[PDB]
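Notes follow the structure.
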Amino acid sequence: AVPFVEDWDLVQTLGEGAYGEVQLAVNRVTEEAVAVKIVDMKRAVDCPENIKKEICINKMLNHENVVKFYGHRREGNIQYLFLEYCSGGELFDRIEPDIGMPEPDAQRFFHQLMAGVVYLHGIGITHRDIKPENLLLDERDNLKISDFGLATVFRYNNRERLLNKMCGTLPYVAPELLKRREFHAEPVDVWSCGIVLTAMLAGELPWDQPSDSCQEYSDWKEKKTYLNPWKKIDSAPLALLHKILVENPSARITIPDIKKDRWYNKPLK
Ligand SMILES: O=C(N[C@H]1CC[C@H](O)CC1)c1ccc2c(c1)Cc1c(-c3ccc(-c4ccc(O)cc4)cc3)n[nH]c1-2
């Protein structure tokens with residue numbers, strides 16, 4: 001057994017947050033870089049079960065568009081999660097403020113996003129907090145869904161389970177989560193992806209939250225796509241947003257039907 005391989009030099013901080021911090025670790029013998037999350041078990045009444053679900057969910061995942069899970073080390077309060085390192089950075093940082101990015105890149109990123117989501121959904125799981133900062137890129141620039149601290153399984157033994165728990169991030173959350181007591185999980189993730197598409201194509205977020213009390217939301221519902229934020233988006237991908245960002249979740253397009261959308265299969269464009 002090669003000596004010292006177990007040793008991981010904690011090179012630098014990747015991105016701190018409410019949880020704690022995520023440092024970049026490089027193998028002492030192979031120099032294999034990785035990402036280690038530090039979940040502070042501090043306090044005892046809103047920290048335990050939190051990470052326990054996040055870990056069992058990771059033990060299931062396995063797709064080229066989902067951050068890879070390696071292992072987890074326990075030690076009192078300091079829990080260590082070992083996940084794939086993404087030198088690419090966040091999709092967020094590839095979005096030019098107020099401009100977005102070249103339409104071809106967006107289509108490419110959207111494709112990988114759908115691949116990852118189709119997968120998660122396939123095995124009955126919903127991320128529930130899809131946004132540019134949770135979408136990572138690696139060396140080759142391949143999109144990776146990351147952060148399953150909020151995910152929850154919605155299908156077990158072929159039984160779907162309606163959700164009622166509110167979570168996510170207001171600008172990316174779906175409207176039925178603010179107006180209904182219960183809702184289907186799949187459609188909520190589709191709305192998220194939809195908001196991410198617009199962010200990529202226009203560099204700005206359509207609204208603070210999907211509620212009529214919000215200007216831009218009521219305008220979009222009225223289809224005032226002129227001059228407003230959707231003015232920057234070409235009609236092809238704009239047609240797809242009309243289908244995704246549909247209020248009634250039951251009338252909202254399904255992923256299987258997005259794969260058939262015109263702009264989705266338009267070469268380069
Ligand atoms: O955006 C980044 N840097 C910016 C560059 C421009 C400067 O202006 C500011 C910093 C950046 C670079 C490299 C990064 C990240 C973020 C996040 C991240 C990660 C990373 C991977 C997975 C998970 C994670 C996965 C699953 C789960 O259940 C919980 C957490 C969290 C964090 N690895 N490598 C990186």
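Labeling convention for the structure tokens: chains A, B, ... as they appear, residues from 1 per chain, ligands from 1 in order of appearance.
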
Neighbours of residue 158 of chain A within 10 Å (only C-alpha atoms; same-chain residues fewer than 3 positions away dropped), as a ChimeraX atom specification? /A:123-124,154-155,161

File of the preceding selection, C-alpha atoms, as a PDB file, in the first residue's frame:
```
ATOM      1  CA  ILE A 123     -34.065   8.116  -9.846  1.00  0.00           C
ATOM      2  CA  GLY A 124     -36.791  10.033  -8.022  1.00  0.00           C
ATOM      3  CA  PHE A 154     -40.087  12.600  -4.353  1.00  0.00           C
ATOM      4  CA  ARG A 155     -40.590   9.104  -5.749  1.00  0.00           C
ATOM      5  CA  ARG A 161     -44.972  12.337  -3.130  1.00  0.00           C
TER       6      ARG A 161
END
```

Which protein, DNA or RNA residues have an atom within 7 Å of ligand 1, counting only C-alpha atoms and all ligand atoms, as a PyMOL selection string? chain A and resi 14-15+22+24+35+37+54-55+58+67+83-90+93+136+146-149

Could the residues in this selection be written to a file with C-alpha atoms, as an mmCIF file, in the first residue's frame?
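Output below, filename part.cif:
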```cif
data_model
loop_
_atom_site.group_PDB
_atom_site.id
_atom_site.type_symbol
_atom_site.label_atom_id
_atom_site.label_comp_id
_atom_site.auth_asym_id
_atom_site.auth_seq_id
_atom_site.Cartn_x
_atom_site.Cartn_y
_atom_site.Cartn_z
ATOM 1 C CA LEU A 14 -13.278 27.364 -2.603
ATOM 2 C CA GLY A 15 -16.374 29.178 -1.393
ATOM 3 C CA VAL A 22 -15.307 24.346 1.139
ATOM 4 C CA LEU A 24 -9.636 22.700 -2.307
ATOM 5 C CA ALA A 35 -13.190 19.660 -3.101
ATOM 6 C CA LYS A 37 -16.909 20.585 2.363
ATOM 7 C CA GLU A 54 -27.466 15.144 1.891
ATOM 8 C CA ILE A 55 -24.990 12.286 2.223
ATOM 9 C CA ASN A 58 -24.986 11.727 -2.840
ATOM 10 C CA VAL A 67 -20.681 16.694 -9.108
ATOM 11 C CA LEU A 83 -16.716 15.863 -3.855
ATOM 12 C CA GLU A 84 -15.357 16.353 -7.362
ATOM 13 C CA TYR A 85 -13.315 19.479 -7.942
ATOM 14 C CA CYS A 86 -14.475 21.813 -10.711
ATOM 15 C CA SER A 87 -11.648 24.073 -11.885
ATOM 16 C CA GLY A 88 -14.108 25.559 -14.349
ATOM 17 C CA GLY A 89 -15.811 27.664 -11.714
ATOM 18 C CA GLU A 90 -19.462 28.651 -11.462
ATOM 19 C CA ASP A 93 -19.238 33.746 -13.452
ATOM 20 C CA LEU A 136 -20.335 24.195 -11.891
ATOM 21 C CA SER A 146 -23.942 20.625 -7.345
ATOM 22 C CA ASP A 147 -25.145 21.040 -3.751
ATOM 23 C CA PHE A 148 -27.738 18.502 -2.672
ATOM 24 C CA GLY A 149 -28.159 19.880 0.820
#
```

Spatial neighbours of residue 132 of chain A, 8 Å, only C-alpha atoms, chain gap at least 2 places, as number ranges by chain: A: 90-92, 130, 134-136, 196

For residue 8 of chain A, find every residue with an atom within 7 Å (counting only C-alpha atoms), except residues of its own chain fewer than 4 positions away, and show them as a ChimeraX atom specification. /A:25-28

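Among the candidate residues A:157, A:77, A:249, A:72, the one lying nearest to residue 44 of chain A is A:77, with distances computed using only C-alpha atoms.
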
For segment 227-235 of chain A, list every protein, DNA or RNA residue within 8 Å, evaluated using only C-alpha atoms, and leave out those in the same chain fewer than 4 positions away; present the list as a short mmCIF file (atom, residue, chain, number, x, y, z; two decimals) with N, CA, C and O atoms, in the first residue's frame.
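New file selection_28.cif:
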```
data_model
loop_
_atom_site.label_atom_id
_atom_site.label_comp_id
_atom_site.auth_asym_id
_atom_site.auth_seq_id
_atom_site.Cartn_x
_atom_site.Cartn_y
_atom_site.Cartn_z
N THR A 198 -32.83 32.18 -19.06
CA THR A 198 -32.99 33.61 -19.31
C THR A 198 -31.79 34.37 -18.76
O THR A 198 -31.33 35.33 -19.37
N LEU A 201 -29.10 34.01 -21.29
CA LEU A 201 -29.33 34.76 -22.51
C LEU A 201 -29.43 36.28 -22.37
O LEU A 201 -29.19 36.99 -23.36
N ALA A 202 -29.76 36.78 -21.18
CA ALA A 202 -29.90 38.23 -20.96
C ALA A 202 -29.07 38.81 -19.81
O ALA A 202 -29.01 40.03 -19.64
N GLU A 204 -29.67 39.05 -16.77
CA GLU A 204 -30.40 39.62 -15.65
C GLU A 204 -31.56 38.70 -15.27
O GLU A 204 -31.99 37.88 -16.08
N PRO A 206 -35.44 38.02 -14.34
CA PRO A 206 -36.76 38.59 -14.63
C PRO A 206 -37.56 39.19 -13.46
O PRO A 206 -38.34 40.12 -13.65
N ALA A 239 -39.33 31.44 -27.43
CA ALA A 239 -40.53 30.62 -27.57
C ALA A 239 -40.49 29.50 -26.52
O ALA A 239 -41.52 29.09 -26.00
#
```

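As for atom CA of residue 34 of chain A and atom CA of residue 82 of chain A, they are spaced 7.1 Å apart.
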
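The residue that comes closest to residue 259 of chain A, out of A:238, A:114, A:36, A:66 and on the basis of only C-alpha atoms, is A:114.
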
Determine, counting only C-alpha atoms, which protein, DNA and RNA residues have an atom within 9 Å of an atom of residue 59 of chain A; residues of the same chain fewer than 2 positions away are not included. Present the result as a PDB file with N, CA and C atoms, in the first residue's frame.
```pdb
ATOM      1  N   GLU A  54     -28.340  14.660   2.949  1.00  0.00           N
ATOM      2  CA  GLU A  54     -27.466  15.144   1.891  1.00  0.00           C
ATOM      3  C   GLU A  54     -26.430  14.102   1.510  1.00  0.00           C
ATOM      4  N   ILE A  55     -25.999  13.304   2.481  1.00  0.00           N
ATOM      5  CA  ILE A  55     -24.990  12.286   2.223  1.00  0.00           C
ATOM      6  C   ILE A  55     -25.550  11.036   1.552  1.00  0.00           C
ATOM      7  N   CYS A  56     -26.701  10.568   2.024  1.00  0.00           N
ATOM      8  CA  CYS A  56     -27.311   9.382   1.441  1.00  0.00           C
ATOM      9  C   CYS A  56     -27.772   9.662   0.023  1.00  0.00           C
ATOM     10  N   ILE A  57     -28.120  10.915  -0.256  1.00  0.00           N
ATOM     11  CA  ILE A  57     -28.546  11.276  -1.600  1.00  0.00           C
ATOM     12  C   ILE A  57     -27.336  11.225  -2.523  1.00  0.00           C
ATOM     13  N   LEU A  61     -26.442   9.325  -6.510  1.00  0.00           N
ATOM     14  CA  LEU A  61     -26.040  10.037  -7.711  1.00  0.00           C
ATOM     15  C   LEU A  61     -24.831   9.420  -8.402  1.00  0.00           C
ATOM     16  N   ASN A  62     -24.761   9.602  -9.718  1.00  0.00           N
ATOM     17  CA  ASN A  62     -23.674   9.099 -10.549  1.00  0.00           C
ATOM     18  C   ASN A  62     -24.010   9.397 -12.011  1.00  0.00           C
ATOM     19  N   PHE A  69     -19.367  12.275  -6.097  1.00  0.00           N
ATOM     20  CA  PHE A  69     -19.193  12.060  -4.664  1.00  0.00           C
ATOM     21  C   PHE A  69     -18.175  10.956  -4.423  1.00  0.00           C
ATOM     22  N   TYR A  70     -17.195  11.252  -3.573  1.00  0.00           N
ATOM     23  CA  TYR A  70     -16.133  10.305  -3.251  1.00  0.00           C
ATOM     24  C   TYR A  70     -16.314   9.609  -1.895  1.00  0.00           C
ATOM     25  N   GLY A  71     -16.459  10.385  -0.824  1.00  0.00           N
ATOM     26  CA  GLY A  71     -16.635   9.794   0.493  1.00  0.00           C
ATOM     27  C   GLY A  71     -16.889  10.816   1.589  1.00  0.00           C
TER      28      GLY A  71
END
```

Quick one: DSSP helix (DSSP H, G or I) residues in segment 25-121 of chain A, as an NGL selection string? :A and (48-58 or 91-94 or 103-121)

Apply DSSP to the backbone of this structure and, from segment 82-216 of chain A, keep only the residues in strand (DSSP E); write these as a PyMOL selection string. chain A and resi 82-83+89-90+125-126+135-137+144-145+152-153+155-156+159-160
